[PDB]
Each structure stands twice: as structure tokens, then as C-alpha cells.
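As C-alpha cells, the structure follows; a few thoughts come after it.
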2 protein chains.
Amino acid sequence: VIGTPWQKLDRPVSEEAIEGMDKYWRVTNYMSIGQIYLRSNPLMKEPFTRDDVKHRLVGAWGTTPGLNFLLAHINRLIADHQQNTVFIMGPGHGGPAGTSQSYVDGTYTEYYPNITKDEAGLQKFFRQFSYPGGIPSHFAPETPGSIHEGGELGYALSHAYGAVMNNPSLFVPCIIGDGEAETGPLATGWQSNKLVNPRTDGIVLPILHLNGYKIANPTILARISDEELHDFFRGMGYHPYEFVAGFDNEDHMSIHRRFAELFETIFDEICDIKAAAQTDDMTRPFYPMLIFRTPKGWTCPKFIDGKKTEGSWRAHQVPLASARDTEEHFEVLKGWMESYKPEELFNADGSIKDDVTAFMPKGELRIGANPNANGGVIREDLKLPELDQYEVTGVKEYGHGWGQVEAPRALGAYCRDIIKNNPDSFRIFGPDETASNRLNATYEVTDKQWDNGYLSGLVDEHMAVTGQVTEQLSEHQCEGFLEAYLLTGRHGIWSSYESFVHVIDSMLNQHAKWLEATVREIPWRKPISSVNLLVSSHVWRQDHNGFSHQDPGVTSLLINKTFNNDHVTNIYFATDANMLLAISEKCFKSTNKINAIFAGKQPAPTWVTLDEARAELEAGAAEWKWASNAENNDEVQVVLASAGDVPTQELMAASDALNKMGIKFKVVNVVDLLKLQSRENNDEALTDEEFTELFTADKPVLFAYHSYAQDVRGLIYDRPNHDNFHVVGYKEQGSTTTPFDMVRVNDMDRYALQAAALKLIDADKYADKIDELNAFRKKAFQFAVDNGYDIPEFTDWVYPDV
Amino acid sequence: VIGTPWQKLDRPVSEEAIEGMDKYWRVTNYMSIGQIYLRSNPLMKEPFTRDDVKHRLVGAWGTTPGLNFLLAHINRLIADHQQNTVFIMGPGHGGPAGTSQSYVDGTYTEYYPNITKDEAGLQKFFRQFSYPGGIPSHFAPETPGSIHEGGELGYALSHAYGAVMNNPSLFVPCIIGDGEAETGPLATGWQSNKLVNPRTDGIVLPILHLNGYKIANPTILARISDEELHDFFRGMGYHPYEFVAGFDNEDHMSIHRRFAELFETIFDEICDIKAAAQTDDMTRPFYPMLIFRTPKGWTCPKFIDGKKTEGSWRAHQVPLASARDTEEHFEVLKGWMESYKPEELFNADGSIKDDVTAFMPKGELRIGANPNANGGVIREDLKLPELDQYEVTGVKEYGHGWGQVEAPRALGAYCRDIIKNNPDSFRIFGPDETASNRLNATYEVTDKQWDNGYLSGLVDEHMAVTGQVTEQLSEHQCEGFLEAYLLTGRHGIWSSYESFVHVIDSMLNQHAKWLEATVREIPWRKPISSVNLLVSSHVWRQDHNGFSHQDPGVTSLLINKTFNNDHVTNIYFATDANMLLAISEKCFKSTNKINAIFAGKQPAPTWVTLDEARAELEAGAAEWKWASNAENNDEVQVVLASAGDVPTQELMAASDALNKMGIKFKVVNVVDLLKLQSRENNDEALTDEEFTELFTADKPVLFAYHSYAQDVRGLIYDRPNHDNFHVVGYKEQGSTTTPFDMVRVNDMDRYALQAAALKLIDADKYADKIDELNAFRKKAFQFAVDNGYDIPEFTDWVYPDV
Ligand SMILES: CC1=C(CCOP(=O)(O)OP(=O)(O)O)S[C@@H]2Nc3nc(C)ncc3CN12
Ligand SMILES: CC1=C(CCOP(=O)(O)OP(=O)(O)O)S[C@@H]2Nc3nc(C)ncc3CN12
Ligand SMILES: [Mg+2]
Ligand SMILES: [Mg+2]
Ligand code: NA
């Protein structure tokens, strides 16, 4: 247990805590300005001149003094209440507030020994911010205390609420920009309070940083009436509190006392809610939220060159753009830095004075030190059930190609038992698709958690105020809740219809960026569990839907995060349920990855046994010798290769026909896509020798790919024999139609694959056969048109091994 | 002018209109069930049996009777008030309500002559829905009345509000699913009422289709208290009205009278607001919105197999999944279809009776016929200013490589004058980035439109309650408002920082899908203006930002919509401002496209004159002969090729050095990326002959690409000499750093490009030179580290022609 969770003080905040908060605010404003502006002379020692100012002034001031003020108060709260706390910096361009917080709390020097608590360390700290060879401008993963960089705005609330799930002792004050709140993902994130339980989860306090402006405009929420703003937050299930300061001549000490009193009222309300939830965990409370209204750039010069800067969008980026080049800007910068009276805040040796930090929390309660902000320190391996009990044994009993299994059902049973063995640290998220994607065996041991109204057992089923599945119709929610659940040390999986994965392409990009930086150069940030995403209801089988819903292209996006041997991104094609089991076990063991797991949920053949799946997954791509009819690679006339359940089924059927014609070939299945890249691009890929062994040195390769052919063409560009691959993929063709028609119109159907193999082998010799196969495709299409279902010869085919 | 906009009735709805609405509701419910279930015998003529039921039951019933009810009432309103109206079907899986609406209003038979108003046309209409060779399951672009297919939920409100901008006579009732409202994009779409003006724009009525459920769960908004739900809509600037029906034994005629009375109250309020706005167009009104609470699947069987179906998520998809296979399901289907009493709704010849449609609107007021729902019928070409006045003449006066122009400033001046010439039909959207991306010359002739609070001219600048620029910090808003502005026949452009384009990858995918279907097989849906997106503040120059903000990967996504010679997607690299002018003119003339226009906003050289830019754009890729030093392709030792402003600058500098060494080369710039694809993949690309002429038959090609090398490798896979291309692109390397460092770490800097050229030519001979160039790169990096700015020899280089 960290600290003493949810304790009230029952005494006023001390005057000494008020004095310390004002010193914190002054010193963190001072050092945030130092980071932006100063390449040397951090204490302004004689002579202090333009030569001390950076040549490239970069970073963001406007949000920063508001964050510094909130961080003083959150620090005071954590210390007084001993409260286990992670904050979220929504406006992550306020990085200098977050580096300052860590430098003050002592974690910065602990993690970065060269940046010492003295004049020399302070000079280094100022120069390195947003500087070549230095540190980022945003609240990046290399900053102690961050689980959210906040460069791409919108995810602050989903990360806050995912952090508190199954984390009943954790408090997350979530600082949200008022520009940020105009984003879609932020706007829906407020609604998460219907999906958490006040007894079994922790508590988020949203704090709207209502500073009136974004970069070049006021914000929507800052200019609507007070009555609408309060109605809005009350309508989303919060009790809104509002603080206003900095717009008149109120002295700063008065402001601190008034805020501390308010923040104690609010925290008391949170403690009452946590106490009450021990007895009534079914009534959803109105959680407090805070409207924090202060002038953007607070405490900077009110006017610069005749233009209003404090209290304006003009304070957003870097005021005094001429601070190095003109004596006029320089003198303004000088008076601004001096207004914080740094001579009272630092000792002559440049260390921050003891009376600046005596109010601060200590040890693992520090923001920079709490292990929830470095969740791989808390993470334990899952207790995984044995895989063999889930195996589809039909392949071993009856033959390759057996049965009509819906592949994700096996992963559902596996997930069910993972939750049973790990009952508060593995969650399933889904955008109203968990049952649709066949993972609902999990409901045998837990419920979908819903903390909103119930009506009747005639409609409410597998649903309770606490449980380990969470659904909301928002991919942004599911992805953000999961990412934070992982970043604070837990585990899970979510599922999505494949084309809708693209709604969160940019969140996958941010998490891939977080992982890249981390595996490269942040070794104190320990490994977290992987994002595991079941990508199902795919392009080939969108029975109730249609053309608009056919887009397997997240493959292509994930290919753009496969560099530098980071190994943070995997693309897997689950050929069948036994392969899906073997991929899932590997994903659930893995850390510091995004794993995209492609699987079909439609009834489909099972091709491999579980032992075969384990070996083939490790290699990445495998010959299926039992399906090849060639003696060796020299006797091969064509390599039949596929990735994805549906291209594999069609390729297999083509192989059966090609065999019956006397054509010699081998069959190769590809599961771990990026293992096709060359070793130069991927030091864990197939060597050239292993790749030639599979694909031959010089025979044609027909490659039936689940997604856009582009992906495979680009990946194998420097591979031996790549000129001989003919890659058939989805090509933006389809409608709402039968299964045969969907493959037919992308030349993916067995008949067209058989034809393409023949064309690659001898187009002249097989001209007539190719015509007949293309006419069979029309006849099968006409059959579907006339009769309402596909031709039996197509649907009823079973591989001859069965 | 269409109809008589914003007129009140001042009399009760007639009883005859009530009778007609109930008949409409009954006949559209009946035909929606016919579309889902019946392959023949649409009037249930003796014998009606299981053999008439479809073999594959696909589609969505739950939303549909609620849409059918609203469409009866919206139709009655349009007819009585003569009101110019487009609706949005948020729950676009309710396609059968939308096809039914068009069949009833007569547009369906007008657009599709084979689907006649009689028993034979009705049989065809039922069979074709979601059927091979037939029509989509959703409200697709092939349905008269659709501007929004609603398969990927979330964009209903942004499309509604973009439809009404500059459209003061248009009314848009926007039907929003209650599941849909849990999405991010929908949640922020409510806030659009702060960005429209009640005098110069039209009016959206949001109607929340609060049917209590999504696919397998209740919805958040349906289970919160009434008091929170109303506070929520009042807090977002609406006057909420609520209707509840279908949960008790109230007779349907009573329900229609009560709704018609309510909808007249609401429309009266909208007319009052429109009248008042003629005098006070500065006060933002509280626009009505409607909470419509009715049982999901309303009028279907209450229980099926002992399970509650009406009023449940169980009604979402297809009830009676056994209707063809069991007599038990069949008898339930039969009694359900009969409950609507089709014998009163159709004549013996199968035509819909006259008394079913006498209340309906006629002519261009019909939902299916209104030209706002087929905006290419209304669209006129822009009155474009002459391009030559914007030209950067420095190239002609002083030489190739001249000056320090910020390229988008020229497009800003061009846009300024387009707005001047087209003052109510060309809009600019931006996510708080219009000024940042340098398009703010537009503010010389218009303002950012903001219909929310003002404070002071010290902060409010270039901002008014009416204007042709709209900004909100949401890419989903900017993209959705623009798409609808185009779909209703107007024009525009938006700009985004490049990495944030990925927030709306999936909206680009939906609009590309809409365009693909349309150019292929919907010739009555006339061409609309293109989506034009200025992609700027790119990967190479993110001065205040950092690693997290470096992702030019929308290229790769757009490559997945380049099929079938649809020609709906363009990727352009603006080499400089004159090229940006020539690309922009082409984009602003073009129709039925998405145009991604890549340009740097940092000060940069200008390479080509405007005449050169016009020719080179047309070809797609061009030798720059004035920069090549080789006599002919046989004397070329390496082809220096680039796409993007920054790779071009670095390649050019490399060319200067290579020339000074005595190396023979040619320079080729690539603007229209997809013109690199082969003719087999793109019938408008360079022929093989033109491609070899540029890139040689067999010399090495060093290709410096703005984005991920993967894209170019895949595109040129079947091109002559492709094995000799070495593509250098962004490779996930960077930090917050100087301009030289960002190119350096992706091997994109001039020194590394010069080295790579030497390596391709003779790695042994040039081993030492390559070492020296790689050491210069370290020295330049160390200089940046020590000094705070890049080495003068890097920054001060100008191409020798200047
Ligand atoms: C407009 C924009 C920003 C303004 C945010 O203003 P605010 O939130 O009120 O913060 P503050 O405390 O400074 O006043 S930072 C941002 N990061 C972004 N993210 C996305 C998703 N799209 C665009 C940008 C561009 N950038
Ligand atoms: C859950 C989901 C749907 C339920 C929508 O329920 P509702 O809106 O209450 O409609 P109704 O009137 O039927 O009750 S349709 C949908 N389309 C989707 N779009 C996206 C962005 N992600 C997932 C899906 C999956 N699909
Ligand atoms: Mg702000
Ligand atoms: Mg619903
Ligand atoms: Na090749």
C-alpha cells in the first residue's frame, strides 16, 4: 500500500505550507523560463547579458505557470494526505513544468546524476531543455513522473481513467487544456465516470486548465456562459467547482490560501465518496471536477511591444522572441526573471533552499518517484494457463483443413482463464464488439463493468458495477484506457473490427513513439506489458456491412514503426485458432510492444496443430510440407504463399486443384509479417538463406496477402528472388455480398489464384485453362445472384487431408 | 431559393397529415422488413412460405423503425412548411429506412428505372438490398438523399453543421445514434453551434435517437438521469426537448399527433431564431435539440424464443435468424409483416396507394431530390484569380535556389483572393493552425467566424460572428465540416501539422470510399469539389516540438486508395512556393478527389519559376537540366532524385558538392508521387519510356524522399531499373533539435546524401571521402551542441546559380 489513501486533514492548511507553495511556484516559474531562454548564467550573476540567451528560442510558456501553480498545490496535497498520486499533463507542451517538478522533488538528479542540485547542474538543466543533444520540449517519457507526453492532445482523460482502473488507492488529478477539450477524444473522455467503480477503482479529478486560449484563438469552453459551463459538467456526472485567480490585484499568498482551502473541500468530497463506496458501491456519485480559470502565461509581462501578452493567446509559445538580439527584449526578460526574486530561492552555491521544499512529499509519494508513473516497476508476469487445453485437436484427429471453428473463440477461452488467474490485473476493452468478435467466453468469470443505470434482467446480462471487461462505443476510449492500464503495470487486450482500427491510428503512433524512445535510451523506465489488439471482422467477411467497412490498412501504418531494430511493433496473421493461441501466448508474455493480431471470426478450417503453430510462429514463415507436392526447390514450378485466414483458405483450395493437374509446387504460410524484411532492416528477420530456402532462388512466387499488396512489395524490396513475387492483395473492391464474391472481385478467390499460378508458370500453354477458370468465376457469381447463396462446389470444398 | 424558408404554420397539423404519416411509417417498416428478409413474394400472395425468405439474412432492423418514424414526420414538416431540408442518418446501418424513403418519395424509380412502382419493382427492391449484384446495407452514396453513409459512426454532427455553413435557407435534422454519441468525434460535434451564425448559416436540429442500446449494451446517455441528460444539452448551448413513446399501450395515431405537435413547437422556435437573427446576429441563441426516446426495434415482436427483443440491444441486427429454416421463425416473421396491414397500403398491382403519399413533399423539396443532397448539381467552378501575380519572381531575376520564402504565404495570398472573388462559397478550416501554417493573408478580406463570447480588441483580432475561416482544435471537426461543405456544392481547403493528419486517417478513408463508389457507378451523383489539405509544419522542421510530432505517414495511407484507375487520390510534394501555386490551382479546379498538398512553412529556397512549375507538375516528375551536369543518360554516374522541400534542398547541396568533385549526374524532382506507379497500376502515370528517360535504364538512383522509404519502394516495384534505386526517407529518428541535426539522424543531410551517391558509384574508390563526409556530420552536430545553432557552412549555403 502506498501512503494512507483517502484521508482528510480536519485542520486548515498550515501557513508554512502556503509559504512553501509560493516558493515552489516562484522557483519552477523561474526555472521554466531558464529552460526556455538561457544557455548559461542561470542565477543571473554579474555580468548577465544577451550572450547568456539561447540562439534558438523554442518551447511553450503560456500553459506553464498555470501547471506550476497546480503542481505546487498537488505536491502540498500529496505530502499532507500521504496520497498515492499520478498526475496527467494534458497540455504536454508545458514540459518545463514537468522537468521543473522532478528537479525540485529530487528525482531528476536521482535519475540523471550529471544534472546536480547546484549552480553547475542548474546551468546544465537550463541549457539542455529543447536543445541539440539535450531533452524534449514536451513532458516526454524521459521525464520522471510522466505517463503521458501530451503532444497530440485529446487522450488525457482516457489515460487518467485507465490509470485508476483496478487501482483503488490511486488519485489522478488530470490537467486538461481548454483547447484540448475541443478535441473529439477529450470530449468523450469526460464520460468515463460511468465506467469506473468508486470502490474497486481509484479516483480521477479532472482539472480544466481554463486559461481562455489555445494558440491563436480563445477556447470554446472559456467563452460560453458560466451557467452553460456548469450545466455541461453536471450533465456529465460531475460536481463542478470553479476557481478564478490572477485577473485582478489579489496578492499571491491570498490566492494560495484560497486555492488550498478549495482543494481541501474537493479532496474531502473525494474522501467522502471513497468512504461511502465501501458500503454502497452501486450508486454512481457525482465526482468533483475543477474549473481552473487563470490568465494564460500568468506572471509574464502584461504587454510586450504594445501587445497584451499575459491573459492572451499571444503568451502561448515564446514571448520576447528578440531576447538575444535586442537590448529591449533582453531588459524585459531580465526584469521578468528577477520578478520571481531567485536570490531568495537559491543558496549561494545554486542549490534550491530547504525552505522551498520542506512542504514537499518524500520517497515513493513524490510525483517523479511514484511507481505508478513507471509501471514496469510494479508489473508482474501474468499467471498464464497452459495453452494445450485450448488446442483445436480436430487437425490431429481428422487432418489439416478440418472443421468450422470460429478462431477467436479459443482466444476467448484462454482470456477467460487468464482473468480467473489474474483477477484484478488483466482487462478486456471493446467498442461494443467484445461478443461480436467472439471473446464473450470471458463473461463466464467476470462481467462488463457498467456504473450507470440498470433496468431489468431481461436486458442487462453479464453486466455489473464491477468487472474486468469495459465497453464504450469509442476506439479512442478503449485504446487510451488500455494504454494507461499498461503504463501503470497491468495487462490486457482489446478487439476491433478491422477497418475501425484506423480511428486510432494516431494513438498507435503516439504509443509507438513512447516505446521507441523508451527502448532506445530510457533504461530506468522499466518494460511494460504490450498493447494487444485483436483485429477481426475483417475485409473479406463483412456480412452485414459493406464496401465502406473494408480496409485492412492498419498493416501499412504499423510498417512505419519498424526501424532501428527497436522491435516495438508486431504484425501477426493468425492462420487459424491454433496459430491464434500460439501468437496470443507470445503477445501476453511480451513487453514494450504493440502487437496487432489479425484473425477471422467467421467459421473457417483449422490448418495446423498447436505444436506446429508454436514452431512456425517462431520462424515467422514456414513451408507446409504436408501440402507441398514438390521433391525439392528445383522441382517447384511455383511457390504458393499466403498470409491471413481467408487468402490461406483460397490458396489451399488452389493448391488442391494445381496438384490434381500435375503442377509441382510448394506451400509456405506467413504468420509474422515483418520477419520478411531483410536483416539489414530487421536483425530478427529470416536470414537470406532461410528466406531462399522457403521462397526459392528463382522460381515464381504467388503471394496471397490479407491486406494491400503494397505492404509486401515494399518489405521484400532487397530480398533474393523478390522480382519473382506476384503479390495479390485487397484492391478496394467489394460490396455487401457473399463470401465468394468478395474474394472474386479482388482476384483472391481459389480460381483466380489457380489461374494466376498457371499464368506465372506458362501463360501460353495454359491460356485455355485460365479462360475456363475465369468463366467458372462468372458462373459462380451468377449462381450467387440467381440463388442467394454461393455455389456448393465453392462452399462445400474441404482440403483432401481431412 | 428552394421553398419558403423558416415559415411557421400557425394552424394545427391536419388529421389527414396524421393519417398519411402513420401509413408512411407502416409502409416503410413493411418494406424495410421486406428488404432484409424476402427474396420473392413481397405482398405475401398465396402461397407465402419459407421459400420466399432469403438464404443469407443480413442488415440491421433495430434503428430502422425509429428512423422510419422520424422520416414520416420530417417529410410532413418539409411539405407543410415548404422547407429546404437535408437529413443526416447517423445510424447509417439503418439503410433500409433511407432506401424506403426514396422509393416512397419517387426518386428511387426516377434514378433507378428498373425498380418500378408496382409488384414487380417491389419484388426487385426487396431482393436487391444487401444482396450480390444489388445495393449496400448502409445509407450509401448510391441512395438518393444521402450525403453521409454512417457506417463509421461519429461524423454526423460535423457533416450536419458543415452542410449549413453559408447555407442560410437549409434545415438539417441530424439523427444521431445514442451509441454513436459515445464516440469522440460525435461528442465534440455538439459544440459546433459556437461556430455557426444564425443569420448567414442554416440551422441544424440534432435529434438524439435515444433507443437505449447499441449492439450488445445499453448506451451511456440512455441510462444517466433525465436531469443530467438535460443539463448536458443545455450546457452545450441547446434547448433540449424530449419525446418519449412506444413504451406503453398508447395508440400510434395518438403518438403521431403528440409528436407532430412537439415538432411544430420546435420548428416554431427555429423560425423565431431565424427571424430574430435578421436583426441581432451577434447573440448566440440556444438552438433546440430533440431527445427522441423510443424502444429499439419498435413494433417488432416483443419476445422471440423467450428473449426480450423490442426495447433491447437484441433488436440491433437481424431478428428471427431462422426465418427461412424453421416454421417457428417463419410464422413469427409472417405475423410481424402482417401487423402493418400491407393490404391497406398497396393497390392490387403492388403500387403504394395515393393516400399513403398525399402528405409528402414534391419536386426538389423531396429528401431524395433536394440538390443539396447531390451538391455537384449546385456546384459552380470557382472564379480563380490569375496565378502569375503570386509568382516568386526571385528565381527568374536572381537564379534557381534564391531567397528565404515561406512557401504557404503564396498560397495564403492566392486563397485570400479566391475568397474575395467567391465570398460565400470557399471556406478555410484549421485546427487552431491557420496562422501557424502561414495562411493568414486570408484575414485581410474575411474573419475567423466565432459565435461565442468576445472580451476585448486587445485579444479578439480577425474574428467576427460571421466570416469564411473556421477554427476549432479538432481535426475531426475541420475535416467533417469541409467534407459536407463540398458535398453540398461548395469549395475550400484546410491545413494541418503533418503528424496530426493521422487523427483523421479514417475520415479520409471514408471520404475516399464515398468517392470510389461514386466515380465507378453512380453517374447521377454529379462531381463535387475536392478535399484540399495543406500538410505542413512537417517531420523535418518541428522547431518547438519534437520526436513525438514526426510522422509524415499519411502518404502511406493515401497509397491504399489508388486503385482501379479511379483517380480519387493525389499526393503532391510542393518543391517551393511556385510549385505550391501550380499544384493549388490544379487542386482548386479538380473534382471528386482528395488532394494532399505537402509543403514546408519554414524559410526555404525557391527552385523553379511558375512556368517551369506548371510544366513539371503536369509531367509529375521532371529533370532539372539546369542542375544536371551530364551530357546524356549514358554519361550519368548517378541519378539524384528527390521529393519534398527539405530532401530537395539537401539533394541540391549534395549535387553542388558532387559537381565540384567532377562526378557526372542528373537531377530529377518528383512532385506528383503516384505518377511513379506503373501504367498497369495507374493509367495516368509516366509511361515506362518516359520513366526510363528520367531515371535511366541502368544507372544507380539516389532517391531522397520526404516520407517513409517504404512508400517509394512499393510504388516502383514493377518499374524498369527499380533495383538500382536507393531510397532514403524518414526512419523514426529525431528529437527536439536543430534543422541540420534532424536531417543528419535520418541520413538525409547533404553530406550523407553526397556520401550515399559516392557509395553507389564506387564504394572502394571513395572510401576515404565517405569517411571525411561522415566526420564532417559529427563536427557539425558538435558545433550545434556547443554553440546552440548550426554551423555557418551548413546554414549559409546558397545554390551557385543565385
Ligand atoms: C493547437 C495546438 C495547441 C493549443 C492547445 O491549447 P490548450 O490546450 O488550451 O493549451 P494551453 O494550456 O497552452 O492554453 S498545443 C497543440 N497540440 C495539438 N494536438 C492536436 C490533436 N492537434 C493540433 C495540435 C496543435 N497544438
Ligand atoms: C458498435 C456499432 C454499432 C452500434 C451503434 O448503436 P447506436 O448508434 O445506438 O445505433 P442504433 O440506432 O442502432 O441503436 S453500429 C457500428 N459502427 C461503428 N462505428 C464505429 C466508429 N465503431 C464501431 C462500430 C461498430 N458498430
Ligand atoms: Mg488553453
Ligand atoms: Mg441506439
Ligand atoms: Na527488383
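The figures that follow rest on heavy atoms only: side chains count, while hydrogens, waters and symmetry mates do not. Every number for a ligand or one of its atoms is a count from 1 in the order of the listing. In the text below, chain A, chain B and the rest are named by the order of the sequence lines, each starting its count at 1.
- Aromatic ring pairs are classed by plane angle as parallel below 30°, tilted from 30° to 60° and perpendicular above 60°; the pair B:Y155 and B:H476 is parallel.
- Between B:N437 and B:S495, the shortest heavy-atom distance links the atoms OD1-OG, 2.9 Å.
- In this structure, A:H544 has its ring center no closer than 6.0 Å to that of B:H316.
- In the model, A:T188 has a side-chain atom that pairs as donor or acceptor with a side-chain atom of A:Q472 under 3.5 Å.
- Protein N/O/S atoms nearer than 2.8 Å to the Mg ion (ligand 3) total 3.
- Within 4.0 Å of ligand 1, the residues that place a heavy atom are A:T63, A:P91, A:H93, A:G151, A:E152, A:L153, A:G177, A:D178, A:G179, A:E180, A:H209, A:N211, A:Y213, A:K214, A:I215, A:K296, A:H316, B:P431, B:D432, B:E433, B:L473, B:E475, B:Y497, B:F500, listed by chain and number.
- The closest side-chain donor-acceptor pair between B:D505 and A:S506, if any, does not fall under 3.5 angstrom.
- Among residue pairs with one or both ends in residues 207-222 of chain B, those qualifying as salt bridge (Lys or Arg N to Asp or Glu O under 4.0 Å) are B:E182-B:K214; sequence neighbours excluded.
- For the side-chain contact (heavy atoms from CB on, under 4.5 Å) with B:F87, the lone residue among B:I175, B:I207, B:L67 that qualifies is B:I175.
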*Would B:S537 and B:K601 count as a side chain to side chain donor-acceptor pair (under 3.5 Å) if you check the C-alpha gap in whole Å, the side-chain angles of each, and the deciding distance to 0.1 Å?*
CA-CA 6 Å; B:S537 309; B:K601 70 166 182 203; 2.8 Å; yes
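- For the salt bridge (charged side-chain N to carboxylate O under 4.0 Å, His left out) test, residues two or more places apart in sequence or in another chain that qualify with B:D543 are A:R56, B:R541.
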